[PDB]
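S.K.: Here you go, one structure.
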Amino acid sequence: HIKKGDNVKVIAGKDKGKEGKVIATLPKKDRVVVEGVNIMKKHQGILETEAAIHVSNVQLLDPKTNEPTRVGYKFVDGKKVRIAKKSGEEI
RNA sequence: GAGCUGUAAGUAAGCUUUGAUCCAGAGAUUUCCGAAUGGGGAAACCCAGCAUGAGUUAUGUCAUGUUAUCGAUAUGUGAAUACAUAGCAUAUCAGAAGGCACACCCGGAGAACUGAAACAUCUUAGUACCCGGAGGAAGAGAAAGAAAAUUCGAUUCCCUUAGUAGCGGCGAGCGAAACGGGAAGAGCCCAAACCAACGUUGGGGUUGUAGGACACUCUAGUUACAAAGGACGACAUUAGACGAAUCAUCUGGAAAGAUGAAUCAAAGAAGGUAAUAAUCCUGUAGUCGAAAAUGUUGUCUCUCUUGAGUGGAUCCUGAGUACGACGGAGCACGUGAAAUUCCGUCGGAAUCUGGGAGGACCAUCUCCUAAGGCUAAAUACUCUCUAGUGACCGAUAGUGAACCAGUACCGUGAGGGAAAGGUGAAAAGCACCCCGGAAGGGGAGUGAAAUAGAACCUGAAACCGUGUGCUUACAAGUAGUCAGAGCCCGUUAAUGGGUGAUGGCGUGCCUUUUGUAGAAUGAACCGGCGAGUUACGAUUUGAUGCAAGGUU
RNA sequence: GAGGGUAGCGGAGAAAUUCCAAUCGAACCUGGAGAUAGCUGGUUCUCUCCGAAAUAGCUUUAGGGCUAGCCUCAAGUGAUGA
RNA sequence: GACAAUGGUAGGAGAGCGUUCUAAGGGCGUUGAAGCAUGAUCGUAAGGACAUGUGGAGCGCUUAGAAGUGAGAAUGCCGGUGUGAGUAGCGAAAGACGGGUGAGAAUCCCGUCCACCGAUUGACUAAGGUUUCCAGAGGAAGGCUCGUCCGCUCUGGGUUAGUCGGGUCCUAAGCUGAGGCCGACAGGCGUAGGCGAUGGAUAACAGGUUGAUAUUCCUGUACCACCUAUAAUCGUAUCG
RNA sequence: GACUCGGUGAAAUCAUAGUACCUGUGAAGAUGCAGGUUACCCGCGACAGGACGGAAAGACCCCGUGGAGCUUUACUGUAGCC
């Protein structure tokens, strides 16, 4: 659904409306780490680190107008491509 | 199509768009024990022969293959004993052996407690157990039949006939069938007479509205029975792919909730997501896809293939069988007037002008043709698969087992057998300071909440403690009830709440008994669990529809 | 002392109903099996109306059962009750 | 608005309360559901509301339907916790003192006296057990008290054979046996042949050494079986 | 051993208990009922009369149309033998 290094928007949670770059992925549990989201404080001094959120809480913005949208698959070329729902432009 | 190195957090060293892991169909490798099979043996071990190979100056050692016992088939196959029909040796073999599914099927063998209010005939019962065959089913099956109609026409299963006929120390109890309505539905091959070959099957032929041999007119079938061995196109099964439609505001640690305005539907089945989502995620409706491997089939291929036979004198069918007597068993039917069907022992028929049956037996009539074999479909059952369903369970429940359970543990052994689920949305699992040898604890910090800190959701009663308002050391108490001063409080607001100087009355509860304070029985206390239910028949009452008719 | 043999409708016994894995007048385990019990014990919420018997006959019967007699609920026939 | 009825066991009849689930309709809940705790509330009974604290996600109402639908007794089953009660007991026996260790010593370590066994409580070895053996480090639980200690916990170690005891040697009892005999089925007997010590045969001794092994390792001297090459009898042997 | 101190620390039993005596009464032998008499609250060491004291659904006795073992000229069968 969301690949590593793509740009997404937080749709739900405590940081709703925060653009970031995915920098990690956990497909086994469906969780993804997005930079600047879910910062947590650990005890071991206090080392602040970023927690992983649910993959169903982030959306990909349109390339042209930066609008959160769903991903489609036209599959014209021999390799399938990700197509933005709002506009056919590839995401 | 970007991540990966099982459960599992870490600590490491590494692989991967040259496309890793992961999923599916085919191949390779596969130690030792175990039918275990080279010989032994206390299974998972020990000890050998033969052949061919490396190693070693040689011996010791090592590696890869072969050697169990019984069957059916070659070869030699000279003992008592001069045919020889003992043994005895080698060769060949998708020949056997053992193991499951508390389940279904056929056969062998075969109890008891119990009921009859005792008990032996009888019943429970041809049931349990044991053994031995199998097969995806088995078994049965092409009339020596059912009957009495102006007849039907292989077997099996369901409804009905019916709790009827009948059986029975005629007690207790047991218990049919044929007609009629349905599911399914095809039937064939041998022996014999005879015709050709030197106890191989070569032809010929298969039966009752009588057949064949023998004399006589004369141009389709398929390996699921009916004889059996292959070549040839299309659908499904075992990984997948695409797949419509939402944005704000308020309360929150968090929106899917509330408040407004928009949307998709051949998709409003469901499961997740920091709370209750048709439009956030995985899916659903619908529509596509198969290297290679299985199964079901369709086509031509392949094999195999002569049918009506008018006469009718002579010939043919299945024997120690059919049947009888004696002793048993089986048919709903206990020897009874017991027909029909079987086993052991003896005696023993007929031959188409024959033989058998129609509930003893005879006559007449009617219907069939035994003593050889094979045969699919309608039926029974469920280890274990792939989809699903529930006015079923929700941790003392549900399988003994929601946890690594037939495991802790118990027994020499065969066997018996438990207890144990829940932090949070996210480990964000309390850095640091202080008391202490530690354990533990008080602060700080994380979080929405730490009376959520892993002996971790909620946290009832028994039971054990601390503080306090009233009360008690002259008193005889199933401990309560009615009457009633003083002292301390102030509620769901009303003829209020707590404590109790003193007076009247009063010998627990259950079970069982003519009768219990009873010294008759039962309970240490608290919690959970724990006993007239269901399926087929009969009868009566209420309700309801129709009515000389009602209902399948 | 070591290694062996005899098993329950059975073994062993210089004999006691003595022993066969800590209870043997007939061992242990699983199954038929929820054997049978005319005998004991137990059997869970609340109100309203009515309300007994402990007798007769028969009984392989006497602490069991059956019919009759006394209770209750309905539908009926009418002074037939005291 | 009138008169008349209402004690009750075994039993008969009638009307109701509450619990779980289901179908329709209509409603509450993070502005806090169920459950739990408390109170001076309502109805003829079984029972029904309301407020507050705790709790943190489900649950009432109306009519009808369907039941694993109501607990104080069964010497009832399972779990938890009392009473007796700070009561009985703490499993044959001689100990004392001075040092050491340590948070903590009648109980651990070292030393000196004393006491007990000595056909033995001493020294070796079969069966059986199966790491209980050694060293350093530990004190939650186990040890009938204590514990710094341990047959307890953690980490790392320890068993050396041609000759000792068993296999490539033999056999008793007994147990299994190709063919074979006998039996409803299984399977019961049994010959040749095999298996089977508690017995027969059979080549090593004395010292030394480790925290833990010794006829095994080491030092010094032996013996048995089997291989290889080279020399003695100048064979009509030799092996069976 | 018991008894007094330090350490450790069970069991049978148990309807709730603020648990006196005498004469009488009662299902006929009362801590609990009637009438009298006596008794300030709470411990420790001892004795054993009674709570029909506590361990075992009384083995004696009688009942069940209940079991099991044994005996015989009880009934009906049977191995075996002639």
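Identifiers in this document derive from the order of the structure tokens: chains are assigned A, B, ..., residues are numbered from 1 separately in each chain, and ligands are numbered from 1 in order of occurrence.
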Neighbouring residues of residue E:65 were defined as those with any atom within 10 Å, considering only C-alpha atoms (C1' of nucleotides); residues of the same chain fewer than 3 positions away were excluded. Please report them as JSON, numbers by chain.

M.R.: {"B": [117, 118], "C": [38, 60]}

S.K.: Near stretch 43-55 of chain D, within 10 Å and counting only C-alpha atoms (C1' of nucleotides), which residues show up once chain neighbours fewer than 3 positions away are dropped, as a list in words?

M.R.: residues 458 and 492 of chain B; 45, 46 and 47 of chain C; 16, 17, 18, 32, 34, 35, 36, 37, 38 and 39 of chain D

S.K.: For a test of reading the model, state the distance in Å between atom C1' of residue E:58 and atom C1' of residue C:62, rounded to one decimal.

M.R.: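 Separating atom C1' of residue E:58 from atom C1' of residue C:62 is a distance of 26.4 Å.
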
S.K.: Do you know which residues are at most 9 Å from stretch 104-106 of chain B counting only C-alpha atoms (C1' of nucleotides), after dropping those on the same chain fewer than 4 positions away, and could you put them as a list in words?

M.R.: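 In the requested format, the answer is residues 133, 134, 135, 137, 138, 139, 380 and 381 of chain B.
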
S.K.: Using only C-alpha atoms (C1' of nucleotides), find which residues of chain A lie within 9 Å of chain B and jot them down as a PDB file with N, CA and C atoms, in the first residue's frame.

M.R.:
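The file below, result.pdb, is the result:
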ATOM      1  N   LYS A   3       4.727   2.593   0.086  1.00  0.00           N
ATOM      2  CA  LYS A   3       6.132   2.139  -0.107  1.00  0.00           C
ATOM      3  C   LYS A   3       7.086   2.944   0.782  1.00  0.00           C
ATOM      4  N   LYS A   4       8.322   2.469   0.944  1.00  0.00           N
ATOM      5  CA  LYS A   4       9.340   3.202   1.745  1.00  0.00           C
ATOM      6  C   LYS A   4       9.731   4.500   1.032  1.00  0.00           C
ATOM      7  N   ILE A  11      -3.989  11.058   8.596  1.00  0.00           N
ATOM      8  CA  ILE A  11      -5.433  11.253   8.530  1.00  0.00           C
ATOM      9  C   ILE A  11      -6.090  11.159   9.905  1.00  0.00           C
ATOM     10  N   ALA A  12      -5.511  10.390  10.825  1.00  0.00           N
ATOM     11  CA  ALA A  12      -6.073  10.223  12.156  1.00  0.00           C
ATOM     12  C   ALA A  12      -4.947  10.162  13.177  1.00  0.00           C
ATOM     13  N   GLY A  13      -5.304  10.402  14.435  1.00  0.00           N
ATOM     14  CA  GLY A  13      -4.341  10.367  15.516  1.00  0.00           C
ATOM     15  C   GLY A  13      -4.176  11.701  16.212  1.00  0.00           C
ATOM     16  N   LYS A  14      -3.052  11.880  16.904  1.00  0.00           N
ATOM     17  CA  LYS A  14      -2.766  13.121  17.608  1.00  0.00           C
ATOM     18  C   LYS A  14      -2.001  14.127  16.759  1.00  0.00           C
ATOM     19  N   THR A  25       9.231   0.541   7.593  1.00  0.00           N
ATOM     20  CA  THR A  25       8.020  -0.210   7.301  1.00  0.00           C
ATOM     21  C   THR A  25       8.046  -1.535   8.045  1.00  0.00           C
ATOM     22  N   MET A  40       8.240   9.579  21.054  1.00  0.00           N
ATOM     23  CA  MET A  40       8.028   8.973  22.397  1.00  0.00           C
ATOM     24  C   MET A  40       9.272   9.219  23.257  1.00  0.00           C
ATOM     25  N   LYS A  41       9.114   9.203  24.584  1.00  0.00           N
ATOM     26  CA  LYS A  41      10.262   9.449  25.498  1.00  0.00           C
ATOM     27  C   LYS A  41      10.617   8.150  26.227  1.00  0.00           C
ATOM     28  N   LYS A  42      11.853   7.668  26.062  1.00  0.00           N
ATOM     29  CA  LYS A  42      12.267   6.421  26.686  1.00  0.00           C
ATOM     30  C   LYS A  42      13.256   6.686  27.815  1.00  0.00           C
ATOM     31  N   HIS A  43      13.321   5.745  28.753  1.00  0.00           N
ATOM     32  CA  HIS A  43      14.196   5.835  29.916  1.00  0.00           C
ATOM     33  C   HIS A  43      15.294   4.786  29.794  1.00  0.00           C
ATOM     34  N   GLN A  44      16.538   5.242  29.703  1.00  0.00           N
ATOM     35  CA  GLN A  44      17.681   4.340  29.624  1.00  0.00           C
ATOM     36  C   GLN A  44      18.991   5.119  29.590  1.00  0.00           C
ATOM     37  N   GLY A  45      19.902   8.310  30.134  1.00  0.00           N
ATOM     38  CA  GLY A  45      19.076   9.492  29.971  1.00  0.00           C
ATOM     39  C   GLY A  45      17.744   9.207  29.305  1.00  0.00           C
ATOM     40  N   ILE A  46      17.142  10.248  28.739  1.00  0.00           N
ATOM     41  CA  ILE A  46      15.850  10.156  28.067  1.00  0.00           C
ATOM     42  C   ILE A  46      16.096  10.360  26.579  1.00  0.00           C
ATOM     43  N   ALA A  51       7.582   6.469  17.288  1.00  0.00           N
ATOM     44  CA  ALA A  51       6.835   5.186  17.259  1.00  0.00           C
ATOM     45  C   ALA A  51       6.203   4.936  15.884  1.00  0.00           C
ATOM     46  N   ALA A  52       5.772   3.695  15.625  1.00  0.00           N
ATOM     47  CA  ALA A  52       5.121   3.345  14.337  1.00  0.00           C
ATOM     48  C   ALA A  52       3.600   3.479  14.465  1.00  0.00           C
ATOM     49  N   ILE A  53       2.922   3.919  13.398  1.00  0.00           N
ATOM     50  CA  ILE A  53       1.472   4.069  13.409  1.00  0.00           C
ATOM     51  C   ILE A  53       0.857   3.037  12.473  1.00  0.00           C
ATOM     52  N   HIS A  54      -0.470   2.979  12.438  1.00  0.00           N
ATOM     53  CA  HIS A  54      -1.164   2.033  11.577  1.00  0.00           C
ATOM     54  C   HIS A  54      -1.145   2.515  10.134  1.00  0.00           C
ATOM     55  N   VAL A  55      -0.982   1.569   9.206  1.00  0.00           N
ATOM     56  CA  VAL A  55      -0.911   1.910   7.789  1.00  0.00           C
ATOM     57  C   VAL A  55      -2.211   2.522   7.289  1.00  0.00           C
ATOM     58  N   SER A  56      -3.312   2.325   8.009  1.00  0.00           N
ATOM     59  CA  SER A  56      -4.604   2.871   7.621  1.00  0.00           C
ATOM     60  C   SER A  56      -4.825   4.288   8.134  1.00  0.00           C
ATOM     61  N   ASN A  57      -3.782   4.941   8.642  1.00  0.00           N
ATOM     62  CA  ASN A  57      -3.888   6.295   9.166  1.00  0.00           C
ATOM     63  C   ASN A  57      -3.164   7.322   8.309  1.00  0.00           C
ATOM     64  N   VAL A  58      -2.536   6.904   7.214  1.00  0.00           N
ATOM     65  CA  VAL A  58      -1.804   7.808   6.338  1.00  0.00           C
ATOM     66  C   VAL A  58      -2.376   7.704   4.933  1.00  0.00           C
ATOM     67  N   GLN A  59      -2.353   8.827   4.222  1.00  0.00           N
ATOM     68  CA  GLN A  59      -2.783   8.890   2.836  1.00  0.00           C
ATOM     69  C   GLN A  59      -1.705   9.576   2.008  1.00  0.00           C
ATOM     70  N   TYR A  73      -4.272   1.058  -9.939  1.00  0.00           N
ATOM     71  CA  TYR A  73      -3.325   0.313 -10.763  1.00  0.00           C
ATOM     72  C   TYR A  73      -3.883   0.196 -12.175  1.00  0.00           C
ATOM     73  N   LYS A  74      -3.355   1.010 -13.092  1.00  0.00           N
ATOM     74  CA  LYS A  74      -3.776   0.918 -14.487  1.00  0.00           C
ATOM     75  C   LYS A  74      -3.102  -0.255 -15.189  1.00  0.00           C
TER      76      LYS A  74
END

S.K.: Just list the residues in stretch 12-90 of chain A DSSP gives strand (DSSP E or B) on the backbone, as a PyMOL selection string.

M.R.: chain A and resi 20-26+31-34+39-43+46-50+53-54+58-61+68-69+71-72+83-84+90

S.K.: I'd like the contact shell of residue B:120 - 12 Å cut-off, only C-alpha atoms (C1' of nucleotides), skipping same-chain residues fewer than 2 positions apart - returned as a VMD selection string.

M.R.: (chain B and resid 118 122 169) or (chain E and resid 75 to 77)

S.K.: Could you check how far atom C1' of residue B:48 sits from atom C1' of residue D:193, in Å to one decimal?

M.R.: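 One can read the atom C1' of residue B:48 to atom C1' of residue D:193 distance as 17.9 Å.
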
S.K.: List the spatial neighbours of residue D:160 as a ChimeraX atom specification - criterion: any atom at most 10 Å away, only C-alpha atoms (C1' of nucleotides), same-chain residues fewer than 2 positions off excluded.

M.R.: /D:213-214,216-217

S.K.: If you count only C-alpha atoms (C1' of nucleotides), which residues fall within 10 Å of stretch 339-350 of chain B, apart from same-chain ones fewer than 5 positions away, as an NGL selection string?

M.R.: :B and (319-320 or 322-331 or 355 or 357 or 359-360)

S.K.: Using C-alpha atoms (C1' of nucleotides), can you write the selected residues to a file as a PDB file, in the first residue's frame?

M.R.:
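What follows is the written file out-v7.pdb:
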ATOM      1  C1'   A B 319     -26.352 -87.331  -9.131  1.00  0.00           C
ATOM      2  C1'   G B 320     -24.487 -90.118  -4.316  1.00  0.00           C
ATOM      3  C1'   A B 322     -33.659 -84.159  -5.183  1.00  0.00           C
ATOM      4  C1'   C B 323     -35.914 -86.617  -1.376  1.00  0.00           C
ATOM      5  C1'   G B 324     -36.881 -89.869   3.252  1.00  0.00           C
ATOM      6  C1'   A B 325     -35.614 -91.347   8.577  1.00  0.00           C
ATOM      7  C1'   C B 326     -32.767 -89.735  13.205  1.00  0.00           C
ATOM      8  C1'   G B 327     -30.409 -85.498  15.997  1.00  0.00           C
ATOM      9  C1'   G B 328     -29.983 -79.942  15.676  1.00  0.00           C
ATOM     10  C1'   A B 329     -30.440 -74.764  13.633  1.00  0.00           C
ATOM     11  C1'   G B 330     -32.917 -71.130  10.880  1.00  0.00           C
ATOM     12  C1'   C B 331     -37.854 -68.779   8.811  1.00  0.00           C
ATOM     13  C1'   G B 355     -39.551 -82.727 -12.530  1.00  0.00           C
ATOM     14  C1'   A B 357     -44.559 -75.009  -5.988  1.00  0.00           C
ATOM     15  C1'   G B 359     -48.967 -73.646   4.618  1.00  0.00           C
ATOM     16  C1'   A B 360     -49.709 -81.677   6.461  1.00  0.00           C
TER      17        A B 360
END
